[PDB]
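Engineer: One structure, pasted below without further comment.
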Amino acid sequence: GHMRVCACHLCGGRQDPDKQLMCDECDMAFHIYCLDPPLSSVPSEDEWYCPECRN
Ligand SMILES: [Zn+2]
Ligand SMILES: [Zn+2]
């Protein structure tokens with residue numbers, strides 16, 4: 001298989017993969033700290049929808 005780049009949609013960085021969430025609709029990655037407002041911790045739950053897709 002191939003590796004996806006998964007850069008943060010907001011900042012363009014790949015740092016702190018442990019602090020990134022992937023949107024289960026649009027498949028884009030986000031740092032929790034790049035969201036406006038930021039999420040404080042990576043939720044233990046494996047489902048997540050970005051601000052665009054949740055609405
Ligand atoms: Zn970011
Ligand atoms: Zn999304």
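We label chains A, B, ... in the order they appear in the structure tokens, count residues from 1 in each chain, and number ligands from 1 in the order shown.
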Dump as JSON lines the rows for residues of chain A within 12 Å of ligand 2: closest atom pair and distance in Å with one decimal, only C-alpha atoms and all ligand atoms counted, ordered by chain and rising residue number.
Structural biologist:
```
{"residue": "A:8", "atom": "CA", "partner": "ligand 2", "partner_atom_place_in_ligand_line": "1 (Zn)", "distance": 11.8}
{"residue": "A:9", "atom": "CA", "partner": "ligand 2", "partner_atom_place_in_ligand_line": "1 (Zn)", "distance": 9.7}
{"residue": "A:10", "atom": "CA", "partner": "ligand 2", "partner_atom_place_in_ligand_line": "1 (Zn)", "distance": 11.8}
{"residue": "A:21", "atom": "CA", "partner": "ligand 2", "partner_atom_place_in_ligand_line": "1 (Zn)", "distance": 10.2}
{"residue": "A:22", "atom": "CA", "partner": "ligand 2", "partner_atom_place_in_ligand_line": "1 (Zn)", "distance": 7.9}
{"residue": "A:23", "atom": "CA", "partner": "ligand 2", "partner_atom_place_in_ligand_line": "1 (Zn)", "distance": 4.6}
{"residue": "A:24", "atom": "CA", "partner": "ligand 2", "partner_atom_place_in_ligand_line": "1 (Zn)", "distance": 6.6}
{"residue": "A:25", "atom": "CA", "partner": "ligand 2", "partner_atom_place_in_ligand_line": "1 (Zn)", "distance": 5.1}
{"residue": "A:26", "atom": "CA", "partner": "ligand 2", "partner_atom_place_in_ligand_line": "1 (Zn)", "distance": 4.1}
{"residue": "A:27", "atom": "CA", "partner": "ligand 2", "partner_atom_place_in_ligand_line": "1 (Zn)", "distance": 6.3}
{"residue": "A:28", "atom": "CA", "partner": "ligand 2", "partner_atom_place_in_ligand_line": "1 (Zn)", "distance": 6.1}
{"residue": "A:29", "atom": "CA", "partner": "ligand 2", "partner_atom_place_in_ligand_line": "1 (Zn)", "distance": 8.5}
{"residue": "A:30", "atom": "CA", "partner": "ligand 2", "partner_atom_place_in_ligand_line": "1 (Zn)", "distance": 9.4}
{"residue": "A:47", "atom": "CA", "partner": "ligand 2", "partner_atom_place_in_ligand_line": "1 (Zn)", "distance": 11.4}
{"residue": "A:48", "atom": "CA", "partner": "ligand 2", "partner_atom_place_in_ligand_line": "1 (Zn)", "distance": 8.5}
{"residue": "A:49", "atom": "CA", "partner": "ligand 2", "partner_atom_place_in_ligand_line": "1 (Zn)", "distance": 5.4}
{"residue": "A:50", "atom": "CA", "partner": "ligand 2", "partner_atom_place_in_ligand_line": "1 (Zn)", "distance": 4.2}
{"residue": "A:51", "atom": "CA", "partner": "ligand 2", "partner_atom_place_in_ligand_line": "1 (Zn)", "distance": 6.7}
{"residue": "A:52", "atom": "CA", "partner": "ligand 2", "partner_atom_place_in_ligand_line": "1 (Zn)", "distance": 5.5}
{"residue": "A:53", "atom": "CA", "partner": "ligand 2", "partner_atom_place_in_ligand_line": "1 (Zn)", "distance": 4.3}
{"residue": "A:54", "atom": "CA", "partner": "ligand 2", "partner_atom_place_in_ligand_line": "1 (Zn)", "distance": 7.1}
{"residue": "A:55", "atom": "CA", "partner": "ligand 2", "partner_atom_place_in_ligand_line": "1 (Zn)", "distance": 9.4}
```
Engineer: Restricting it to N, CA, C and O atoms, dump the selection as a PDB file, in the first residue's frame.
Structural biologist:
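Output below, filename again_34.pdb:
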```
ATOM      1  N   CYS A   8      -1.685  18.485   8.012  1.00  0.00           N
ATOM      2  CA  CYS A   8      -2.803  19.184   8.624  1.00  0.00           C
ATOM      3  C   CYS A   8      -3.425  20.128   7.602  1.00  0.00           C
ATOM      4  O   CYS A   8      -2.722  20.926   6.959  1.00  0.00           O
ATOM      5  N   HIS A   9      -4.739  20.039   7.456  1.00  0.00           N
ATOM      6  CA  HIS A   9      -5.464  20.853   6.491  1.00  0.00           C
ATOM      7  C   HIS A   9      -5.279  22.349   6.755  1.00  0.00           C
ATOM      8  O   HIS A   9      -5.322  23.179   5.829  1.00  0.00           O
ATOM      9  N   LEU A  10      -5.078  22.687   8.023  1.00  0.00           N
ATOM     10  CA  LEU A  10      -5.029  24.085   8.453  1.00  0.00           C
ATOM     11  C   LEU A  10      -3.621  24.691   8.378  1.00  0.00           C
ATOM     12  O   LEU A  10      -3.464  25.811   7.896  1.00  0.00           O
ATOM     13  N   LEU A  21      -6.200  14.385  14.157  1.00  0.00           N
ATOM     14  CA  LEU A  21      -7.437  13.648  13.940  1.00  0.00           C
ATOM     15  C   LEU A  21      -7.684  13.612  12.442  1.00  0.00           C
ATOM     16  O   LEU A  21      -7.345  14.559  11.719  1.00  0.00           O
ATOM     17  N   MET A  22      -8.256  12.514  11.964  1.00  0.00           N
ATOM     18  CA  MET A  22      -8.680  12.469  10.582  1.00  0.00           C
ATOM     19  C   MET A  22     -10.204  12.537  10.532  1.00  0.00           C
ATOM     20  O   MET A  22     -10.909  11.852  11.294  1.00  0.00           O
ATOM     21  N   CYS A  23     -10.710  13.368   9.633  1.00  0.00           N
ATOM     22  CA  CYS A  23     -12.161  13.482   9.467  1.00  0.00           C
ATOM     23  C   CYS A  23     -12.709  12.245   8.769  1.00  0.00           C
ATOM     24  O   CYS A  23     -12.195  11.844   7.720  1.00  0.00           O
ATOM     25  N   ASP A  24     -13.747  11.652   9.355  1.00  0.00           N
ATOM     26  CA  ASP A  24     -14.256  10.416   8.809  1.00  0.00           C
ATOM     27  C   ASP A  24     -15.111  10.612   7.558  1.00  0.00           C
ATOM     28  O   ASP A  24     -15.445   9.637   6.872  1.00  0.00           O
ATOM     29  N   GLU A  25     -15.427  11.866   7.243  1.00  0.00           N
ATOM     30  CA  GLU A  25     -16.111  12.192   6.002  1.00  0.00           C
ATOM     31  C   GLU A  25     -15.160  12.624   4.881  1.00  0.00           C
ATOM     32  O   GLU A  25     -15.145  12.009   3.813  1.00  0.00           O
ATOM     33  N   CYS A  26     -14.373  13.674   5.112  1.00  0.00           N
ATOM     34  CA  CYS A  26     -13.538  14.222   4.033  1.00  0.00           C
ATOM     35  C   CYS A  26     -12.108  13.684   3.988  1.00  0.00           C
ATOM     36  O   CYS A  26     -11.380  13.960   3.047  1.00  0.00           O
ATOM     37  N   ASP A  27     -11.726  12.919   5.007  1.00  0.00           N
ATOM     38  CA  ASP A  27     -10.440  12.226   5.049  1.00  0.00           C
ATOM     39  C   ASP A  27      -9.255  13.149   5.244  1.00  0.00           C
ATOM     40  O   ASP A  27      -8.112  12.747   5.048  1.00  0.00           O
ATOM     41  N   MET A  28      -9.526  14.393   5.617  1.00  0.00           N
ATOM     42  CA  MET A  28      -8.439  15.325   5.869  1.00  0.00           C
ATOM     43  C   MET A  28      -7.991  15.273   7.318  1.00  0.00           C
ATOM     44  O   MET A  28      -8.777  14.926   8.219  1.00  0.00           O
ATOM     45  N   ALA A  29      -6.708  15.573   7.526  1.00  0.00           N
ATOM     46  CA  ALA A  29      -6.077  15.555   8.850  1.00  0.00           C
ATOM     47  C   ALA A  29      -6.090  16.937   9.458  1.00  0.00           C
ATOM     48  O   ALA A  29      -5.980  17.927   8.730  1.00  0.00           O
ATOM     49  N   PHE A  30      -6.180  16.978  10.783  1.00  0.00           N
ATOM     50  CA  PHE A  30      -6.158  18.230  11.550  1.00  0.00           C
ATOM     51  C   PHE A  30      -5.405  18.062  12.870  1.00  0.00           C
ATOM     52  O   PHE A  30      -5.715  17.130  13.628  1.00  0.00           O
ATOM     53  N   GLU A  47     -14.204   7.862  16.034  1.00  0.00           N
ATOM     54  CA  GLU A  47     -14.951   8.629  15.045  1.00  0.00           C
ATOM     55  C   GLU A  47     -14.777  10.134  15.277  1.00  0.00           C
ATOM     56  O   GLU A  47     -14.747  10.582  16.428  1.00  0.00           O
ATOM     57  N   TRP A  48     -14.655  10.904  14.193  1.00  0.00           N
ATOM     58  CA  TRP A  48     -14.517  12.358  14.316  1.00  0.00           C
ATOM     59  C   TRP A  48     -14.846  13.020  12.998  1.00  0.00           C
ATOM     60  O   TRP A  48     -14.453  12.533  11.939  1.00  0.00           O
ATOM     61  N   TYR A  49     -15.538  14.157  13.078  1.00  0.00           N
ATOM     62  CA  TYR A  49     -15.896  14.953  11.902  1.00  0.00           C
ATOM     63  C   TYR A  49     -15.409  16.381  12.043  1.00  0.00           C
ATOM     64  O   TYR A  49     -15.608  16.997  13.074  1.00  0.00           O
ATOM     65  N   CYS A  50     -14.739  16.886  11.010  1.00  0.00           N
ATOM     66  CA  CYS A  50     -14.157  18.223  11.066  1.00  0.00           C
ATOM     67  C   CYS A  50     -15.248  19.302  11.087  1.00  0.00           C
ATOM     68  O   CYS A  50     -16.435  19.012  10.902  1.00  0.00           O
ATOM     69  N   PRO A  51     -14.862  20.551  11.354  1.00  0.00           N
ATOM     70  CA  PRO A  51     -15.867  21.619  11.454  1.00  0.00           C
ATOM     71  C   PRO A  51     -16.733  21.757  10.196  1.00  0.00           C
ATOM     72  O   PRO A  51     -17.910  22.099  10.290  1.00  0.00           O
ATOM     73  N   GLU A  52     -16.161  21.452   9.039  1.00  0.00           N
ATOM     74  CA  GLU A  52     -16.874  21.563   7.771  1.00  0.00           C
ATOM     75  C   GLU A  52     -17.889  20.449   7.583  1.00  0.00           C
ATOM     76  O   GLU A  52     -19.009  20.681   7.132  1.00  0.00           O
ATOM     77  N   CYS A  53     -17.497  19.233   7.941  1.00  0.00           N
ATOM     78  CA  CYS A  53     -18.324  18.067   7.662  1.00  0.00           C
ATOM     79  C   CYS A  53     -19.390  17.804   8.718  1.00  0.00           C
ATOM     80  O   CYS A  53     -20.442  17.229   8.421  1.00  0.00           O
ATOM     81  N   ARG A  54     -19.122  18.216   9.950  1.00  0.00           N
ATOM     82  CA  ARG A  54     -20.076  18.013  11.036  1.00  0.00           C
ATOM     83  C   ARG A  54     -21.313  18.909  10.862  1.00  0.00           C
ATOM     84  O   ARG A  54     -22.334  18.692  11.497  1.00  0.00           O
ATOM     85  N   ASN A  55     -21.206  19.913   9.995  1.00  0.00           N
ATOM     86  CA  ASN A  55     -22.312  20.818   9.708  1.00  0.00           C
ATOM     87  C   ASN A  55     -22.772  20.708   8.257  1.00  0.00           C
ATOM     88  O   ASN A  55     -23.374  19.710   7.856  1.00  0.00           O
TER      89      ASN A  55
END
```
Engineer: Set the cut-off to 9 Å, count only C-alpha atoms and all ligand atoms, and list whatever residues fall near ligand 1 as a PDB file with C-alpha atoms, in the first residue's frame.
Structural biologist:
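Dumped everything to pocket15.pdb:
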```
ATOM      1  CA  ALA A   7      -0.587  17.073   6.391  1.00  0.00           C
ATOM      2  CA  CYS A   8      -2.803  19.184   8.624  1.00  0.00           C
ATOM      3  CA  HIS A   9      -5.464  20.853   6.491  1.00  0.00           C
ATOM      4  CA  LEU A  10      -5.029  24.085   8.453  1.00  0.00           C
ATOM      5  CA  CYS A  11      -1.265  24.536   8.928  1.00  0.00           C
ATOM      6  CA  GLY A  12       0.209  22.204   6.323  1.00  0.00           C
ATOM      7  CA  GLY A  13       2.433  20.460   8.869  1.00  0.00           C
ATOM      8  CA  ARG A  14       2.928  16.749   9.617  1.00  0.00           C
ATOM      9  CA  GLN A  15       4.317  17.148  13.117  1.00  0.00           C
ATOM     10  CA  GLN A  20      -3.870  14.690  14.669  1.00  0.00           C
ATOM     11  CA  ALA A  29      -6.077  15.555   8.850  1.00  0.00           C
ATOM     12  CA  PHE A  30      -6.158  18.230  11.550  1.00  0.00           C
ATOM     13  CA  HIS A  31      -3.963  19.030  14.566  1.00  0.00           C
ATOM     14  CA  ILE A  32      -6.196  19.318  17.601  1.00  0.00           C
ATOM     15  CA  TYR A  33      -4.413  22.582  18.373  1.00  0.00           C
ATOM     16  CA  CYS A  34      -5.082  24.050  14.918  1.00  0.00           C
ATOM     17  CA  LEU A  35      -8.869  23.833  15.215  1.00  0.00           C
TER      18      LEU A  35
END
```
Engineer: Run DSSP on the backbone of this structure and report the residues of chain A it assigns to strand (DSSP E or B), as a ChimeraX atom specification.
Structural biologist: /A:8,20-22,29-31
Engineer: Just to confirm, what's the straight-line distance from CA of residue 45 (chain A) to CA of residue 18 (chain A) in Å (one decimal)?
Structural biologist: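 It comes out at 13.6 Å.
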